[PDB]
Amino acid sequence: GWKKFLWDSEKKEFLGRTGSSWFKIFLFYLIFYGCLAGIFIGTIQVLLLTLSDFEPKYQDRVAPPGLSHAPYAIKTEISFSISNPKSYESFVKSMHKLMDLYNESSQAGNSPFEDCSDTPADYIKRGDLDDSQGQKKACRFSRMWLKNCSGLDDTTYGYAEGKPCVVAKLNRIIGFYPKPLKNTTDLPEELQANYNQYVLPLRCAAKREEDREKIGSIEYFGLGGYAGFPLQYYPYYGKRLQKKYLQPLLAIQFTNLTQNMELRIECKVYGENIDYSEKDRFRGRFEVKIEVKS
Amino acid sequence: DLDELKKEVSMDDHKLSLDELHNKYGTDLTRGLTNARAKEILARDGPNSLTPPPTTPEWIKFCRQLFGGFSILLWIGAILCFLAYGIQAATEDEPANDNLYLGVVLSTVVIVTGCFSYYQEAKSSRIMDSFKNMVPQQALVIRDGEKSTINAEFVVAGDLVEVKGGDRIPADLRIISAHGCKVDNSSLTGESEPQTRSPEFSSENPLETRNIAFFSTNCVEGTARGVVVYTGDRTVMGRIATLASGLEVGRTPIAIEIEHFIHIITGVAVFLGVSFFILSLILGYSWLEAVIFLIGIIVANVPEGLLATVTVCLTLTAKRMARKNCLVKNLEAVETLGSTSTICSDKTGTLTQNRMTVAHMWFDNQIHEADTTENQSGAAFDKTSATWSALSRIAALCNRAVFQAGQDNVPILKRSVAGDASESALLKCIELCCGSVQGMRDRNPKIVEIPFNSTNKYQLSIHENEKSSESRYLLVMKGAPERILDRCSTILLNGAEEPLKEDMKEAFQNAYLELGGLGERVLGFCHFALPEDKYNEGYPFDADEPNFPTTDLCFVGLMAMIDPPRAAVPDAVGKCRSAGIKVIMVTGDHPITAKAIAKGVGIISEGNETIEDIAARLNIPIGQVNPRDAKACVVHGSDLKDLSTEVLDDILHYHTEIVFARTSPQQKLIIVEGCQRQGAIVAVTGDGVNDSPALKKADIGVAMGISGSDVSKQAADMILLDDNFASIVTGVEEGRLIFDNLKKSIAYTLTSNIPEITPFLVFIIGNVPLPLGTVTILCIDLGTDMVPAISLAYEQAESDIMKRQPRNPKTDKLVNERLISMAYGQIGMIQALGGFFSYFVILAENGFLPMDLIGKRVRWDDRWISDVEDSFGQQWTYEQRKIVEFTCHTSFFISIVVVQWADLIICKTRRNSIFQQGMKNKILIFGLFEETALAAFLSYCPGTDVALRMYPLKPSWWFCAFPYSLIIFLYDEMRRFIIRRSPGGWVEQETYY
Ligand SMILES: *[C@@H]1O[C@H](CO[C@@H]2O[C@@H](C)[C@@H](O)[C@@H](O)[C@@H]2O)[C@@H](O[C@@H]2O[C@H](CO)[C@@H](O[C@@H]3O[C@H](CO[C@H]4O[C@H](CO)[C@@H](O)[C@H](O)[C@@H]4O)[C@@H](O)[C@H](O[C@H]4O[C@H](CO)[C@@H](O)[C@H](O)[C@@H]4O)[C@@H]3O)[C@H](O)[C@H]2NC(C)=O)[C@H](O)[C@H]1NC(C)=O
Ligand SMILES: *[C@@H]1O[C@H](CO[C@@H]2O[C@@H](C)[C@@H](O)[C@@H](O)[C@@H]2O)[C@@H](O[C@@H]2O[C@H](CO)[C@@H](O[C@@H]3O[C@H](CO)[C@@H](O)[C@H](O[C@H]4O[C@H](CO)[C@@H](O)[C@H](O)[C@@H]4O)[C@@H]3O)[C@H](O)[C@H]2NC(C)=O)[C@H](O)[C@H]1NC(C)=O
Ligand SMILES: CCCCCCCC/C=C\CCCCCCCC(=O)OC[C@H](COP(=O)(O)OCC[N+](C)(C)C)OC(=O)CCCCCCC/C=C\CCCCCCCC
Ligand SMILES: CCCCCCCC/C=C\CCCCCCCC(=O)OC[C@H](COP(=O)(O)OCC[N+](C)(C)C)OC(=O)CCCCCCC/C=C\CCCCCCCC
Ligand SMILES: CCCCCCCC/C=C\CCCCCCCC(=O)OC[C@H](COP(=O)(O)OCC[N+](C)(C)C)OC(=O)CCCCCCC/C=C\CCCCCCCC
Ligand SMILES: CCCCCCCC/C=C\CCCCCCCC(=O)OC[C@H](COP(=O)(O)OCC[N+](C)(C)C)OC(=O)CCCCCCC/C=C\CCCCCCCC
Ligand SMILES: CCCCCCCC/C=C\CCCCCCCC(=O)OC[C@H](COP(=O)(O)OCC[N+](C)(C)C)OC(=O)CCCCCCC/C=C\CCCCCCCC
Ligand SMILES: CCCCCCCC/C=C\CCCCCCCC(=O)OC[C@H](COP(=O)(O)OCC[N+](C)(C)C)OC(=O)CCCCCCC/C=C\CCCCCCCC
Ligand SMILES: CCCCCCCC/C=C\CCCCCCCC(=O)OC[C@H](COP(=O)(O)OCC[N+](C)(C)C)OC(=O)CCCCCCC/C=C\CCCCCCCC
Ligand SMILES: *[C@@H]1O[C@H](CO)[C@@H](O[C@@H]2O[C@H](CO)[C@@H](O)[C@H](O)[C@H]2NC(C)=O)[C@H](O)[C@H]1NC(C)=O
Ligand SMILES: CC(C)CCC[C@@H](C)[C@H]1CC[C@H]2[C@@H]3CC=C4C[C@@H](O)CC[C@]4(C)[C@H]3CC[C@]12C
Ligand SMILES: CC(C)CCC[C@@H](C)[C@H]1CC[C@H]2[C@@H]3CC=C4C[C@@H](O)CC[C@]4(C)[C@H]3CC[C@]12C
Ligand SMILES: CC(C)CCC[C@@H](C)[C@H]1CC[C@H]2[C@@H]3CC=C4C[C@@H](O)CC[C@]4(C)[C@H]3CC[C@]12C
Ligand SMILES: [K+]
Ligand SMILES: [K+]
Ligand SMILES: [K+]
């Protein structure tokens with residue numbers, strides 16, 4: 001049994017068959033699998049022919065845009081000691097990775113960058129989503145616009161003396177026009193002052209009613225000095241039609257933060273085609289757990 | 001419980017004397033034992049009651065079914081699920097509860113399947129109980145010279161025991177004094193023959209002598225005395241019951257087949273598991289990811305729904321058998337019948353109809369024929385001689401049967417008669433051409449009758465003579481023609497009497513062979529006028545000593561009778577010969593008749609010949625011919641009583657058509673044990689307790705139902721309700737039919753394993769988003785595939801099953817490598833490719849092209865990366881990309897159903913084409929319709945994103961698996977074509993299951 005079914009010397013069999021059987025079975029499987037591969041490849045090529053290169057056919061799973069930030073928090077918590085420098089390194093390395101893409105050296109010349117209104121403005125349509133006109137042009141976004149969080153002055157960005165920053169960003173969607181709330185009698189409390197129509201407002205607060213007192217002065221930095229995103233940077237034409245495109249950014253400094261205590265800060269954007277979700281905690285808003293323990 | 005010392009042939013101390021036995025047991029022949037001594041022995045040896053069986057509690061085998069191959073793998077799956085949950089609960093806050101649910105469910109699957117296996121492995125055995133209902137409650141013992149009726153359990157060795165006609169023998173006794181005592185050894189001899197028990201010794205074999213009464217038998221008539229030689233588990237019936245309860249059950253063929261594939265399935269399961277677990281850590285995967293892998297792979301490989309499918313399939317065929325009059329006690333016996341190649345059946349009451357009619361008669365050196373037709377439309381037999389009248393008196397008087405009360409309306413042949421079929425046939429013939437037997441019987445009062453004796457082989461009685469001028473006594477007796485021929489000296493010829501010279505003795509021998517060769521059973525009738533001078537009208541001839549002259553009687557004539565065969569008997573024998581089942585006729589009539597019945601039913605095919613037939617055709621002695629030139633053979637019981645084991649092995653190894661005559665159903669067991677030894681499944685047909693040790697050791701025991709006793713039926717595995725023989729053939733056919741369907745269903749269930757295993761494998765080798773989750777798998781093997789697999793049982797035959805030879809157990813199996821090459825190698829591969837197709841389509845339409853999917857998993861699963869760039873530059877949050885992955889799982893599951901359509905259609909037939917067999921199976925059609933409705937329901941019902949995680953699909957996706965399905969259908973169609981045109985070629989020895 002054990003030995004025979006492995007190698008017998010009368011019928012010159014290995015494992016059960018001779019050399020011509022193993023060869024016929026192997027040849028059959030090779031031809032069969034080869035045909036299978038060729039058929040799958042053909043059915044995938046017709047699929048490459050069924051889609052367009054300038055636009056995703058279905059855009060419903062990304063209708064309400066998200067709200068992400070610059071620091072990379074494992075559990076949406078920012079905890080670091082003001083003494084030990086090797087505590088906020090994982091954060092700065094990220095912040096830096098994000099801002100390192102807005103360097104002026106990258107944005108230079110007429111192509112493909114264009115100087116836009118230093119003050120929030122309206123939408124700008126560079127035509128349709130075609131290849132007729134060459135590579136479209138995107139507006140320039142300078143670093144310096146973010147005043148105290150730019151890594152140009154205090155590389156660390158704040159984390160050095162108990163005053164961290166948080167660069168918020170709106171998720172890039174093709175053909176998405178941001179629509180802010182109008183001036184009518186129904187509008188949140190916060191939004192009334194500084195109603196620049198052309199700006200999408202971002203406003204942070206405290207999750208619980210208690211924490212209000214323990215959170216100090218939320219100082220926002222942005223284009224024009226407003227706490228929002230200028231409508232002139234929209235819409236987005238997609239990578240293929242707008243490589244070298246920069247999305248606006250908004251810096252948030254959490255000055256006067258109570259020491260040695262976990263603070264839950266929820267930031268939220270307001271607008272018409274903006275809707276939140278009780279399941280996705282990053283759709284339109286975002287949560288951060290800051291704790292500057294020193 | 002030494003079995004070898006119980007397998008040996010019984011020995012005894014019968015050949016002794018009355019003085020030599022009391023000393024051995026310390027007793028008195030006229031006073032018995034003393035009460036003090038009796039109690040001293042009652043405490044020394046133990047009670048006279050069969051020991052109860054060793055038993056098996058029920059939670060033991062239920063807990064056993066919970067641990068067996070597929071259940072251990074599913075157990076480690078539940079354990080892994082809880083491990084991953086513990087890790088999540090101790091490492092992260094707000095831990096989703098998905099894993100704890102999946103684990104509780106896996107444990108539920110194991111617990112429920114266990115129930116299906118418990119239902120399949122039932123062992124309803126209450127043997128010893130049936131035996132216990134045997135021994136009467138109280139025996140009659142004589143102690144200190146007094147008669148007392150005491151609890152039979154209190155009988156010991158040595159005391160005196162008295163029996164009376166109607167009571168059961170309480171233990172093994174040594175008869176010391178009898179008075180016309182007769183016993184019914186149906187349990188050891190297999191025959192209702194009334195053997196007389198005499199104090200004298202008569203045979204070297206203890207079972208044949210008369211000075212020994214045996215437990216498990218009854219004294220039919222007379223009274224007797226005896227010393228107790230054996231009691232308790234030591235009696236004869238004690239070794240019979242202890243042997244029946246002792247035989248280790250074993251493992252039925254279908255069980256061995258179910259084991260072989262759990263071994264193969266587990267092989268590929270551990271090979272894929274231990275290997276990818278080592279691979280996961282060779283690539284840097286953390287512990288909470290590898291645990292999820294391990295689980296997905298174990299579930300993917302185990303067919304969570306198979307075993308329960310088999311259990312149902314088998315239940316359906318058992319219901320079909322009960323519709324065809326075959327009731328099966330143990331679920332797996334349904335398949336044991338098909339794998340049978342040797343049958344040990346009986347002729348009385350199974351092949352034949354046992355309803356006897358008087359066919360021919362011998363008298364006045366002349367054969368006479370009687371009308372044997374329902375409406376009595378024929379020729380009379382010349383009722384004008386005195387001989388016939390004397391014959392009518394012999395048969396009408398020496399007969400104990402009588403028409404059942406209230407039959408004054410039915411005809412003379414269709415009325416009910418209480419008694420044996422021979423006395424009934426004789427009574428009907430006499431009542432037919434001799435008028436009312438009730439007056440013929442009251443016209444001659446029966447004085448003394450000596451019933452049939454297994455030793456005397458005759459029934460006799462002395463009635464008064466209605467003769468008004470002759471106030472003498474009449475004696476009549478009937479029996480086998482040879483025995484009766486040896487007891488006469490005159491012949492009633494045309495009325496007068498004549499001597500028995502050899503001329504008429506030879507005419508009687510030729511008449512005997514004439515009626516015997518006709519397939520009829522012949523009986524001899526004789527009578528004698530007792531001289532009223534030596535036996536006056538007042539003398540009483542008590543049935544004790546020789547009061548009647550046994551010899552010097554007057555033979556009047558032979559009387560034959562007909563027992564025709566059943567409708568399907570010739571067809572059934574032909575069916576058995578066509579399949580290859582060795583039939584063996586075992587009965588208890590004369591070989592001269594046995595040969596005729598053999599030629600009449602098929603056992604002896606028209607052309608085969610025995611050694612005696614050759615010696616008769618070549619008028620040469622029998623010792624000259626070579627036994628190889630004889631295909632059939634008639635083995636006599638006496639020559640069986642004196643035969644060794646190896647000789648029997650050679651007898652069964654060298655002959656194709658064996659017939660056993662003059663056989664006592666004990667020997668039967670010997671023949672059965674000789675048939676199993678050579679390597680073939682064995683079935684048997686029985687009616688009483690002598691067959692109990694034979695039905696228990698046979699692979700399958702077929703017991704009769706109407707005529708059978710509680711013991712025989714309760715100890716068998718299959719029961720017949722019509723006592724027919726065609727049902728045996730139907731059983732064999734249904735046993736084959738349910739086998740080919742199991743093969744088809746197994747290939748079905750297996751084929752879908754590949755499209756469930758491959759997504760995981762590419763998940764680790766190529767790093768693409770998970771294509772098929774674990775909950776979706778359980779929704780495929782436990783949901784959509786169950787009904788179709790169950791329907792595959794209702795498939796009819798393709799060719800003729802009752803024509804091929806029995807399957808070989810050592811070479812042909814249920815799950816070979818050909819099936820693995822089809823399900824795991826070809827069909828499953830195409831199904832997996834179709835699933836991946838629909839997958840890539842869903843992702844490509846939403847923005848993730850195939851070039852950007854390779855390498856994204858690390859970030860696609862990252863719960864803190866709310867910006868994942870796709871092929872077009874869009875940023876996708878975590879929950880948004882997860883919703884798409886789930887919709888890809890839903891479409892993958894639907895693709896599986898689409899390809900399963902063509903798989904269920906190509907699995908419907910194994911060789912034949914679909915345009916030949918046909919889609920006449922309504923269950924399969926219903927399976928397809930339900931299989932589709934369930935998938936649509938699971939996807940479109942609101943709130944299914946909270947429970948099963950399945951999102952709705954867009955009407956253009958449902959058509960991504962259609963081409964693969966049609967291709968599967970065309971490939972298998974051309975496959976099942978070359979097999980039909982090229983028999984024995986490559987496609988057959990490579991892909992023919
Ligand atoms: C986008 O801009 C980044 C910053 O650009 C600078 O400021 C702007 C406004 C302009 O003036 C521009 O000209 C400036 O360079 C730019 O990153 C910068 O790249 C340089 C070159 O590698 C870095 O200089 C090196 O500094 C290290 C030590 O760095 C310390 O500080 C940083 C934080 O700033 C920490 O991250 C480090 O861990 C250290 O703590 C020096 O050791 C190193 O030495 C090398 O040069 C000297 C001569 O000076 C040689 O003798 C040595 O052998 C070495 O070869 C450099 O001096 C600079 O740190 C870095 N800035 C930051 C903030 O990281 C970035 O690359 C630009 N990206 C693109 C895509 O354009
Ligand atoms: C968006 O909306 C706000 C509010 O608009 C007001 O409420 C809306 C719901 C709706 O009903 C509007 O019709 C309504 O105007 C705009 O800001 C408001 O602007 C007015 C005008 O400057 C302010 O009213 C001022 O109130 C002062 C005290 O609070 C009073 O002293 C001011 O005096 C001025 O006007 C008087 C005549 O009434 C004149 O004599 C004076 O010399 C002086 O000019 C004046 O009455 C409101 O306070 C403002 N509301 C707020 C919340 O600040 C806002 O401009 C608009 N933005 C855009 C871009 O359209
Ligand atoms: C045992 C079970 C096996 C199961 C098989 C599973 C199949 C999947 C296995 C791996 C999947 C890897 C990912 C496939 C992607 C390949 C990428 C590729 O190739 O990108 C080249 C072209 C794309 O070009 P583009 O630049 O225009 O696209 C975009 C242009 N933009 C974006 C600029 C506009 O893609 C093309 O042409 C088409 C190439 C599509 C890739 C198909 C390759 C599959 C290889 C073998 C499958 C056969 C299996 C047979 C069973 C064997 C068992 C042993
Ligand atoms: C990333 C990876 C993804 C993979 C996805 C696919 C999943 C895997 C799918 C299927 C797994 C297959 C596992 C192997 C199955 C073998 C079946 C088997 O073991 O069944 C048992 C049979 C017994 O049968 P019986 O009872 O009738 O015998 C009667 C003998 N009497 C009567 C003479 C005594 O034993 C035999 O067949 C003898 C044993 C033969 C063993 C052959 C081993 C071949 C395995 C791999 C080959 C790979 C080579 C690839 C390279 C090709 C060159 C290019
Ligand atoms: C591009 C898309 C690719 C899709 C690939 C997957 C396809 C799988 C699904 C369906 C395949 C259908 C194949 C059609 C085969 C027809 C064969 C046929 O017609 O052979 C004729 C037979 C033979 O008769 P005979 O001469 O033996 O009669 C003797 C009568 N004596 C005895 C009285 C003389 O006649 C009979 O079988 C009797 C009449 C039976 C009539 C059956 C009609 C039902 C057929 C299919 C049901 C639909 C299932 C749909 C599943 C989707 C659910 C949403
Ligand atoms: C011959 C014999 C024929 C027999 C045929 C029998 C067919 C039976 C046909 C229908 C019975 C289906 C059961 C009905 C279920 C009603 C569920 C329901 O009305 O849910 C409504 C609410 C949804 O509310 P929402 O939109 O505000 O949620 C928003 C959630 N956000 C926003 C967080 C995403 O539900 C929720 O919230 C929680 C959802 C709870 C999930 C319950 C689903 C049960 C899961 C599996 C059982 C299905 C097994 C298949 C049985 C097949 C039998 C043939
Ligand atoms: C031919 C016969 C056809 C009929 C057979 C039915 C087809 C399906 C067969 C098997 C499916 C078993 C798969 C097990 C899947 C469990 C999924 C699971 O557990 O997901 C965990 C979820 C997570 O919930 P969460 O904590 O995030 O909710 C938070 C709610 N907040 C926050 C709003 C309060 O929990 C939940 O969905 C809670 C609800 C638990 C759902 C149990 C479903 C059990 C399904 C089948 C068992 C019965 C089958 C018997 C039929 C046998 C046929 C032979
Ligand atoms: C043996 C294997 C059997 C396989 C059977 C497969 C059956 C498949 C069943 C249905 C097919 C799926 C339905 C397709 C629906 C697509 C809807 C759609 O949105 O389509 C749009 C695209 C065209 O996009 P575009 O960018 O060029 O537009 C440019 C527009 N401008 C010029 C204005 C810029 O359309 C396209 O790709 C259309 C290209 C489709 C080519 C594949 C043809 C499929 C073959 C047969 C279909 C079955 C019909 C006959 C049934 C016989 C029953 C016996
Ligand atoms: C998306 C999924 C797509 C799947 C498509 C699959 C298509 C691929 C189908 C078949 C390709 C395999 C062909 C292999 C040919 C080489 C095999 C070979 O070397 O074979 C040698 C033997 C000749 O040796 P012998 O027997 O004389 O020696 C006796 C030997 N001793 C004595 C041991 C018995 O060959 C023979 O017997 C002849 C047997 C040849 C095998 C015929 C099988 C045809 C099966 C399917 C074709 C139908 C495709 C329909 C697709 C429609 C698409 C819409
Ligand atoms: C920042 O927070 C501090 C408290 O932590 C505020 O200063 C306190 O003001 C109260 C009077 O309301 C004094 O009693 C405390 O002694 C002050 N503490 C310190 C550390 O100065 C301060 O006003 C806040 N500043 C801003 C801009 O929010
Ligand atoms: C009936 C069966 C066996 C035929 C299968 C044909 C296979 C081998 C054919 C069908 C479609 C073909 C592919 C279709 C498209 C392309 C893209 C092109 O830029 C290079 C050739 C390439 C990559 C082809 C290679 C061969 C291919 C996959
Ligand atoms: C006989 C054989 C070779 C025919 C195979 C036809 C193949 C090429 C056809 C059959 C079904 C078709 C697909 C079915 C569904 C969809 C989804 C739709 O939104 C875009 C087209 C797309 C992606 C089709 C592409 C081409 C396709 C795969
Ligand atoms: C993911 C990919 C690369 C795995 C491909 C695995 C393929 C090559 C494996 C899967 C199943 C395997 C076959 C399964 C069954 C048999 C029957 C046996 O008697 C000989 C080997 C043979 C013929 C195997 C050959 C190799 C095989 C076809
Ligand atoms: K499975
Ligand atoms: K048995
Ligand atoms: K399966």
# chains A, B, ... in the order shown; residues from 1 in each chain; ligands from 1

call {"tool": "interface_residues", "arguments": {"of": "chain B", "to": "chain A", "cutoff": "10 Å", "atoms": "only C-alpha atoms", "output": "number ranges by chain"}}
result
B: 92-93, 821, 825-826, 829-830, 833-834, 836-837, 840-841, 844-850, 862-881, 883-884, 960, 963-964, 986, 990

call {"tool": "residues_around", "arguments": {"residues": "region 928-935 of chain B", "least_positions_apart": "4", "cutoff": "9 Å", "atoms": "only C-alpha atoms", "output": "VMD selection string"}}
result
chain B and resid 783 to 785 787 to 788 890 893 to 894 897 to 898 900 to 901 904 923 to 924 939 to 940

call {"tool": "residues_near_ligand", "arguments": {"ligand": "ligand 1", "cutoff": "10 Å", "atoms": "only C-alpha atoms and all ligand atoms", "output": "PDB file with C-alpha atoms, in the first residue's frame"}}
result
ATOM      1  CA  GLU A  89       6.477  63.134  15.392  1.00  0.00           C
ATOM      2  CA  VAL A  92       4.015  66.357  12.063  1.00  0.00           C
ATOM      3  CA  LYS A  93       5.318  63.865   9.489  1.00  0.00           C
ATOM      4  CA  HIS A  96       4.048  67.994   6.466  1.00  0.00           C
ATOM      5  CA  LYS A  97       3.205  65.311   3.892  1.00  0.00           C
ATOM      6  CA  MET A  99       1.308  70.698   2.981  1.00  0.00           C
ATOM      7  CA  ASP A 100       4.381  69.550   0.998  1.00  0.00           C
ATOM      8  CA  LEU A 101       2.124  69.458  -2.095  1.00  0.00           C
ATOM      9  CA  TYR A 102       1.231  73.178  -2.013  1.00  0.00           C
ATOM     10  CA  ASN A 103       4.863  74.318  -2.348  1.00  0.00           C
ATOM     11  CA  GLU A 104       5.178  77.396  -4.565  1.00  0.00           C
ATOM     12  CA  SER A 105       7.968  75.761  -6.587  1.00  0.00           C
ATOM     13  CA  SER A 106       5.371  73.247  -7.787  1.00  0.00           C
ATOM     14  CA  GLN A 107       2.913  76.024  -8.753  1.00  0.00           C
ATOM     15  CA  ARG A 143       0.737  77.997   1.630  1.00  0.00           C
ATOM     16  CA  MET A 144       1.100  81.367   3.413  1.00  0.00           C
ATOM     17  CA  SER A 150       2.119  76.436   7.482  1.00  0.00           C
ATOM     18  CA  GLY A 151       5.373  74.803   8.656  1.00  0.00           C
ATOM     19  CA  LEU A 152       7.174  77.737   7.059  1.00  0.00           C
ATOM     20  CA  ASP A 153       7.670  79.583  10.362  1.00  0.00           C
ATOM     21  CA  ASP A 154       7.172  76.973  13.119  1.00  0.00           C
ATOM     22  CA  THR A 155       7.807  73.683  11.260  1.00  0.00           C
ATOM     23  CA  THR A 156       6.167  71.754  14.121  1.00  0.00           C
TER      24      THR A 156
END

call {"tool": "residues_near_ligand", "arguments": {"ligand": "ligand 14", "cutoff": "9 Å", "atoms": "only C-alpha atoms and all ligand atoms", "output": "PyMOL selection string"}}
result
chain B and resi 297-305+749-750+752-754+756-757+777-778+780-782

call {"tool": "write_last_selection", "arguments": {"atoms": "N, CA, C and O atoms", "output": "short mmCIF file (atom, residue, chain, number, x, y, z; two decimals), in the first residue's frame"}}
result
data_model
loop_
_atom_site.label_atom_id
_atom_site.label_comp_id
_atom_site.auth_asym_id
_atom_site.auth_seq_id
_atom_site.Cartn_x
_atom_site.Cartn_y
_atom_site.Cartn_z
N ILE B 297 -11.49 30.45 5.06
CA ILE B 297 -11.01 29.27 4.34
C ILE B 297 -11.67 27.99 4.86
O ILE B 297 -12.05 27.11 4.07
N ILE B 298 -11.85 27.88 6.17
CA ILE B 298 -12.47 26.67 6.70
C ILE B 298 -13.91 26.58 6.25
O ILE B 298 -14.38 25.51 5.83
N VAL B 299 -14.65 27.68 6.32
CA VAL B 299 -16.05 27.64 5.89
C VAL B 299 -16.13 27.35 4.39
O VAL B 299 -16.95 26.54 3.94
N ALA B 300 -15.29 28.01 3.60
CA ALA B 300 -15.28 27.80 2.16
C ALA B 300 -15.10 26.33 1.78
O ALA B 300 -15.80 25.83 0.90
N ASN B 301 -14.18 25.63 2.44
CA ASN B 301 -13.94 24.22 2.10
C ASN B 301 -15.02 23.26 2.59
O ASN B 301 -15.36 22.31 1.87
N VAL B 302 -15.58 23.46 3.77
CA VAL B 302 -16.60 22.53 4.27
C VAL B 302 -17.99 22.69 3.67
O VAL B 302 -18.57 23.79 3.72
N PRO B 303 -18.55 21.63 3.05
CA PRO B 303 -19.90 21.74 2.49
C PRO B 303 -20.88 21.55 3.64
O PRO B 303 -21.33 20.43 3.92
N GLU B 304 -21.19 22.65 4.31
CA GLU B 304 -22.08 22.72 5.47
C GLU B 304 -23.47 22.10 5.30
O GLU B 304 -24.17 21.89 6.29
N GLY B 305 -23.89 21.81 4.07
CA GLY B 305 -25.20 21.24 3.82
C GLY B 305 -25.32 19.84 3.24
O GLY B 305 -26.43 19.31 3.14
N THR B 749 -23.14 19.93 -5.08
CA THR B 749 -22.69 20.66 -3.90
C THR B 749 -21.21 21.03 -3.95
O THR B 749 -20.83 22.15 -3.59
N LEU B 750 -20.35 20.11 -4.39
CA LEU B 750 -18.91 20.38 -4.44
C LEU B 750 -18.53 21.47 -5.45
O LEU B 750 -17.74 22.37 -5.12
N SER B 752 -19.68 24.26 -6.41
CA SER B 752 -19.68 25.65 -5.98
C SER B 752 -18.61 25.98 -4.93
O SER B 752 -18.54 27.15 -4.51
N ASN B 753 -17.80 25.02 -4.48
CA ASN B 753 -16.78 25.33 -3.48
C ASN B 753 -15.66 26.18 -4.07
O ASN B 753 -15.12 27.06 -3.38
N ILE B 754 -15.30 25.94 -5.33
CA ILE B 754 -14.23 26.71 -5.97
C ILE B 754 -14.53 28.21 -6.02
O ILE B 754 -13.66 29.00 -5.60
N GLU B 756 -15.93 29.96 -4.08
CA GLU B 756 -15.93 30.49 -2.73
C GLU B 756 -14.53 30.48 -2.14
O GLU B 756 -14.22 31.30 -1.26
N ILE B 757 -13.68 29.57 -2.62
CA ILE B 757 -12.30 29.43 -2.17
C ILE B 757 -11.39 30.41 -2.90
O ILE B 757 -10.50 31.02 -2.30
N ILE B 777 -21.15 33.12 2.00
CA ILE B 777 -20.90 31.70 1.77
C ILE B 777 -22.01 30.92 2.46
O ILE B 777 -22.77 30.18 1.82
N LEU B 778 -22.10 31.07 3.80
CA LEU B 778 -23.17 30.37 4.51
C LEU B 778 -24.53 30.59 3.85
O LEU B 778 -25.41 29.73 3.95
N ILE B 780 -25.00 30.65 0.72
CA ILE B 780 -24.99 29.85 -0.51
C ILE B 780 -25.09 28.36 -0.22
O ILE B 780 -25.96 27.67 -0.77
N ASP B 781 -24.23 27.83 0.65
CA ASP B 781 -24.28 26.40 0.96
C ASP B 781 -25.47 26.00 1.82
O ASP B 781 -25.94 24.86 1.73
N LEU B 782 -25.98 26.90 2.66
CA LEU B 782 -27.12 26.61 3.53
C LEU B 782 -28.44 27.10 2.97
O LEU B 782 -29.49 26.74 3.51
#

call {"tool": "residues_around", "arguments": {"residues": "residue 88 (chain A)", "least_positions_apart": "4", "cutoff": "12 Å", "atoms": "only C-alpha atoms", "output": "list in words"}}
result
residues 71, 72, 73, 78, 79, 80, 81, 82, 83, 84, 92, 93, 94, 95, 156, 157, 158, 159, 160, 161, 162, 164, 291, 292 and 293 of chain A
